[PDB]
Amino acid sequence: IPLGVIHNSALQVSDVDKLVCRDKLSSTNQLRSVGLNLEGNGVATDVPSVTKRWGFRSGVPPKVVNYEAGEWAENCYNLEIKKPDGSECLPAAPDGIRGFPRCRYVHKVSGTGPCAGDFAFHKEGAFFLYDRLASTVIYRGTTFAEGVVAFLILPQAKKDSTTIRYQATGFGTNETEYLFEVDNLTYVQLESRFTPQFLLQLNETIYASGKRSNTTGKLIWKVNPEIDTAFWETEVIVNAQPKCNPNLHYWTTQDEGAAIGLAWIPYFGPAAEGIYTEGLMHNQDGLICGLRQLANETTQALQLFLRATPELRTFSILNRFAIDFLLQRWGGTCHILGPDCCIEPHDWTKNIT
Amino acid sequence: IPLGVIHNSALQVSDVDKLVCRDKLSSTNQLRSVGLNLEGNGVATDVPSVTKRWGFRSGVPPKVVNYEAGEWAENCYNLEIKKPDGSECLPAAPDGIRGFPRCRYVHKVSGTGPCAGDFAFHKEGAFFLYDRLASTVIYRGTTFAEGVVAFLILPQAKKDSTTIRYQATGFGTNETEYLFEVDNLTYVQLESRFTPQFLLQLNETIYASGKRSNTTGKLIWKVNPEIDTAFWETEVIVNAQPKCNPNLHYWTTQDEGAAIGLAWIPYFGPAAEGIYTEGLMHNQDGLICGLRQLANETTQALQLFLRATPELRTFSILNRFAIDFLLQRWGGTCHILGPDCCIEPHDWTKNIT
Amino acid sequence: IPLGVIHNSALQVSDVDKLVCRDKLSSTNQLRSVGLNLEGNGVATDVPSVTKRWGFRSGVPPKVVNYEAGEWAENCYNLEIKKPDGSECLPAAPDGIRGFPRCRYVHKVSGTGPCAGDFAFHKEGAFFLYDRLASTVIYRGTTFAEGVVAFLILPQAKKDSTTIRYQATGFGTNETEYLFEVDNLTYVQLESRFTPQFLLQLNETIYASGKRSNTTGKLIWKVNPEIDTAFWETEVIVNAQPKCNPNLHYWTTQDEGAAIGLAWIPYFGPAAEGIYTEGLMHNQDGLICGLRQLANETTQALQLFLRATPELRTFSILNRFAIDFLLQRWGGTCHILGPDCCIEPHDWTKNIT
Ligand SMILES: *[C@@H]1O[C@H](CO)[C@@H](O[C@@H]2O[C@H](CO)[C@@H](O)[C@H](O)[C@H]2NC(C)=O)[C@H](O)[C@H]1NC(C)=O
Ligand SMILES: *[C@@H]1O[C@H](CO)[C@@H](O[C@@H]2O[C@H](CO)[C@@H](O)[C@H](O)[C@H]2NC(C)=O)[C@H](O)[C@H]1NC(C)=O
Ligand SMILES: *[C@@H]1O[C@H](CO)[C@@H](O[C@@H]2O[C@H](CO)[C@@H](O)[C@H](O)[C@H]2NC(C)=O)[C@H](O)[C@H]1NC(C)=O
Ligand SMILES: *[C@@H]1O[C@H](CO)[C@@H](O)[C@H](O)[C@H]1NC(C)=O
Ligand SMILES: *[C@@H]1O[C@H](CO)[C@@H](O)[C@H](O)[C@H]1NC(C)=O
Ligand SMILES: *[C@@H]1O[C@H](CO)[C@@H](O)[C@H](O)[C@H]1NC(C)=O
């Protein structure tokens, strides 16, 4: 698992032999795990194109890991897919796995498909980000964000919703048909070019202009091609992605003794949604574009690490880093003045003279 | 999370900047987590007053942590509360969560209430202590003890039931009615002044004097006010609690290779109740009163730490301490003779001379 | 928990006071947990004799630990035992616990017994090895291997199926009757001397010679005593076992970034069975016989460690080792030239002269 460290004002990857003695890890707080969205690299976010990145596969057990800080997503998805015989396709959310906390637009899709498989994975290796838990599968009726997780050592200086409903037929094949749900009886034929802002503006006009359907009669509108329709614009890490959102609007959870006046008490504290801290990080020293690349480059080593462990949810990756960090330099006999012994005796000399 | 360390024969709190080089942590056994009961500070233990410390609240996910050593409790509670429509109020105990192992009096309460909430928390932030697991909620039909957990580094020198049934109506409100269950048809109106020894002595007299009810007819006695009715008497930590039980009768589990003659084998070993070691610690160096205060002062930092993690049961707090302990002193370049480098070279000098 | 370390080309046990400064632990990869089968020591593997090593017991909660590397087993077992009233005896396999990955012969036994107990443990203290998880109980319909787990520090130089069906009556008593299932209606009276190769050769002759039973009529053959019938032949660790299989054909899971050409992606990667690496270790330096003894000598300290923890599945034993390893030498003030300070200053002297 690659580990991000900042040297020469640059984000770099190294763990095994880059024993830079100068690097200081004096607390576990400097260790962070970040879940960056695939949106930041420019992937398409429309429902038709996105669902082609997912597929069902059996014989592979699901794996879950935790991450501390996430990213505000403009798009999220919540699937309620069933088989044509009425059997659900996706498993219910396991205990403690809630939806992604921050989503501008929630694409809730309902429909049918063959579902030739127990679990639905990502065809590109990315994760499904949830509430501080990334999983390799999709859970039924749970809002998720497509993303990947990076791992960082922070320098000691400063260490830190609208629901859109769809209908689907033949989910998960080459021949799928989607319908934008205006209400229970008014539907619009979806296209790959329809943006979220376009679906909502279209929704306001159908409701206001009185173009809703009958009480039972199903009416399916269509939009002709002549109707006109990234989001944020409208070894050294090298970002080789299509685009990069140079700013990171992140979410995390804070802890401190003052607790904003007696709010620790769970009975009086916030709900599952108001526990988060927020911040805006800019691309000073090019960390944001680098970090998005780091999380992509980390995915391959992290997917195999979760394959090999029989643990359902892994929480010990950051602890295992700090242990390895101490074992590399102090795990053997420290030969003073040797390359592998970070002990400095220059202050002492002067007393001998 | 505050960490208790003994300096100048006194229990003290510090972790971040109190790098006392002299302090020796040479094994993980010196790290201990203690669950001290709220009884030790003098809180009232009668069923009517205690149930006002509990309340139902939704939208907050429950959190559980483990502790190694507990405290013998004179009072414990086991709730079997249902809603007036017949729907249970408390969730069933999750896998592996058993009752508190040591209780002199078990207050098993049965009855009804509105239960305006999924889980029932502690209105003061304390935990619900179970079998080496502290939870923030109450489980159905599981004996628990109200307590809090402290964290300690031990010096290297020496590093170490009667069921009372009640009936309730309107559980968890300002207007509740309790009944002391003599048998299935004989009941006594409860008061806040009735002690456990008083309920048992009263029980013996009702049975013996032949004052039991009919075969179906429900009879509810009452005790007039003219009937006369703590338990153990009948930055530096500063105990600011009402009272302090200066002695700690603790329970813990031991491990050693001799195993008392082939008892390790689970098929032949003890049951879930006879695995415990016991001991009696006195207030030498004022550690017991200090420790009860430490566990109270720890509660606030520990409640938020469990809010921020998506882990249902946290077992890694003690490991995370020992990692931080090594990172504070050896996590950077050790400058010999510097304040932050616990390396002593005085023995070597003499050879140079 | 004893820890295996190689000194003077010999496998040795020590952790607490054997602070050999020379020993180097520079990465968590040098830490390994091995699950060795009881076959390697020569225990009988026939179904009748083996089932007498198992027994039911209540009041003892089950415990599970993980191990990294296992051992190819010639014999495994898969029980589907029920009570005479139709109630199952064994609990269903918990989430993520699959069968033992490598088994030459799978003894699938079906039948009835009194099952005077909730869980079935090992009467000798050994574990039930599953897919990188060892448990103290038997799960229903899950293939397991009887084994024990050892713990090792590797030197930095180089750090690394046929189903046989049975029928049973009175399972788990002194009076049990077993039947070798040829098909649903042809059965052979089992004996302790019948080897797996003998049951399969017998199966081929009954099928070929046309000695199968009627369509409903149950026929039970018997083999007279005049019919003639180890497997691999047909403080310092001292192997005091009956036999020792001096070679270890192990299985483990590998992780590396190359991933054999885009196989990390779970949707495209292997199934739950093709994730394993294999290797053959010989008894160079007598490590294999020693290791089998180490895993036996470890069992007693590991069984009590799992009794004391309230954790269902323990994954932190190897991390706890590396933490203790750093705390023993760096957990206190390092007095240069002292016996307990692994710091070498000989290189520096020459500059002073
Ligand atoms: C990380 O970036 C790479 C860039 O190559 C992404 O690779 C894509 O992989 C799929 C199949 O796996 C191809 O069909 C695409 O053409 C590749 N490029 C792009 C731009 O999509 C990869 O999906 C990214 N995410 C990871 C590895 O999790
Ligand atoms: C720790 O001790 C404090 C002492 O102030 C306890 O604080 C009580 O808090 C409740 C409301 O939270 C008040 O109504 C009480 O008057 C306070 N004092 C007492 C003596 O009860 C606190 O409950 C204790 N336990 C913790 C913090 O877990
Ligand atoms: C480890 O080896 C010992 C060798 O003594 C095994 O001990 C057996 O224990 C049972 C009862 O516990 C006795 O009936 C046997 O006679 C003992 N010897 C043999 C050769 O079976 C022990 O079972 C082994 N496994 C462990 C401890 O897990
Ligand atoms: C569409 O508009 C109606 C009323 O204006 C509103 O109730 C509904 O939530 C809207 N749908 C979406 C997807 O915004
Ligand atoms: C009350 O006394 C009876 C008989 O003396 C006994 O069976 C019962 O358990 C007692 N109840 C309590 C709460 O001690
Ligand atoms: C016995 O032989 C038959 C056919 O030869 C085969 O179908 C069956 O699986 C065999 N049984 C075993 C236990 O090998």
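Each value, and the rule that gives it
Residues numbered from 1 in each chain as written, not as in the entry; some residues may be left out. Chains lettered and ligands numbered in written order. Heavy atoms only, no water. Near = heavy atom within 4 Å. Polar contact = N/O pair within 3.5 Å; in protein donor to acceptor, adjacent residues only side chain to side chain. Areas by Shrake-Rupley, 256 points an atom, 1.4 Å probe, with all protein chains shown as cover. Nonpolar A, V, L, I, M, F, W, Y, C, P; charged D, E, K, R; others polar. Salt bridge = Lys/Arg side-chain N within 4 Å of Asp/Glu carboxyl O. Buried < 20%, exposed > 50% of the residue type's maximum accessible area, 1.4 Å probe, protein only. Axes fitted to C-alpha atoms, helices over the stretch in contact; angles between N-to-C directions. Helix = DSSP H or I, 4+ residues; strand = E, 2+ residues; numbered from the N terminus. Parallel < 35°, antiparallel > 145°, perpendicular 65-115°, else oblique. Left-handed = near helix turned anticlockwise from the far one by under 90°. Contact = heavy atoms within 4.5 Å. Disulfide = S-S within 2.5 Å. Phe/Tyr/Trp six-rings, centres within 6.5 Å; stacked < 30°, edge-to-face > 60°. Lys NZ or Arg CZ within 6 Å of the ring centre and 35° of its normal. Buried area = accessible area lost by both parts, 1.4 Å probe.

Per the PDB entry, chain A is named Virion spike glycoprotein, and its organism is Zaire ebolavirus.

The next point concerns the site of ligand 1. Near ligand 1 the following residues occur: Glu124(A), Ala126(A), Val148(A), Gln241(A), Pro242(A), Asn296(A), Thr299(A) and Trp264(C). Around ligand 1, the nearby residues trace back to chains A and C. Within the side chain of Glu124(A), one N or O atom sits 3.4 Å away from an oxygen atom of ligand 1. Interatomic distance of 2.8 Å between a side-chain N/O atom of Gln241(A) and an oxygen atom of ligand 1. Out of a free accessible area of 570 Å², ligand 1 has 51% covered by protein chains. Its residues placed into classes, the shell around ligand 1 shows four nonpolar, three polar and one charged.

With that settled, the discussion passes to the pattern of salt bridges. Residue and element names in this part refer to chain A. Evaluation of the coordinates by the stated rule reveals 30 salt bridges over all chains. As a salt-bridge pair, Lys 82 and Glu 88 come within 3.6 Å of each other at their nearest N and O atoms. With a closest N to O distance of 2.6 Å, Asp 131 and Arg 132 form a salt bridge. Taken individually, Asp 131 and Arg 132 each receive the classification buried, so the pair is uniform in this respect. Through salt bridges with shared partners, one network takes in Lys 82, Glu 88 and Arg 140.

Bringing the packing of helix α5 (residues 317–330) of chain A against helix α5 (residues 317–330) of chain C into the picture now. Two elements in contact, α5(A) and α5(C), have axes whose closest approach is 10 Å; the angle formed by their N-to-C orientations is 40 degrees. It follows that α5(A) is oblique to α5(C) by the angle criterion. In this structure, α5(A) crosses over α5(C), and the sense of that crossing is left-handed. Between α5(A) and α5(C), the contacting residues are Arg320(A), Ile323(A), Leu326(A), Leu327(A) and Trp330(A) on the first element and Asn319(C), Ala322(C), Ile323(C), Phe325(C), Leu326(C) and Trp330(C) on the second. Residue composition of the contact of α5(A) with α5(C), by class: nine nonpolar, one polar and one charged.

Residues and elements named next belong to chain B. Applying the stated criterion across every chain, the model contains 15 disulfides over all chains. Linked covalently through their sulfurs, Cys 76 and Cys 103 form a disulfide whose S-S length is 2.0 Å. On the sign convention where negative is left-handed, the bridge of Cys 76 and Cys 103, at about -80 degrees about the S-S bond, is left-handed. Remark: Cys 103 occurs in strand β8 (residues 103–112) and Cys 76 occurs in strand β7 (residues 73–82); sequence separation between them is 27 residues.

What the rule picks out here adds up to 48 aromatic pairs over all chains. Here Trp54(C) and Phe144(C) contribute two aromatic rings whose centre-to-centre distance is 5.3 Å and whose plane-to-plane angle is 65 degrees, an arrangement assigned as edge-to-face. A residue pair is termed long-range when its members are at least 10 positions apart, and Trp54(C) in strand β4 (residues 54–57) and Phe144(C) in the loop between β11 (133–135) and β12 (145–153) qualify at 90 residues. Note on accessibility: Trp54(C) and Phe144(C) belong to one class, buried. Here a set of aromatic residues connected by ring pairs shows up, and it is made of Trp54(A), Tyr77(A), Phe128(A), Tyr130(A), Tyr139(A) and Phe144(A). Taking NZ or CZ as reference, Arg104(A) lies 4.8 Å from the ring centre of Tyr105(A), over its face. A cation sits over an aromatic face here: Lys218(C) above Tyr187(C), 4.4 Å from the ring centre.

Note: interface size is frequently given as the accessible area lost on complex formation between the parts. Contact with chain B, which involves 42 residues of that partner, is made by 47 residues of chain A. The largest per-residue losses of area from chain B upon contact with chain A belong to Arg307(B), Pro310(B) and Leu327(B), which jointly make up 17% of the total buried on that side. Taken together, the connections running from chain B to chain A amount to zero salt bridges. Across the chain B-chain A interface, the total number found is 15 residue pairs in polar contact.

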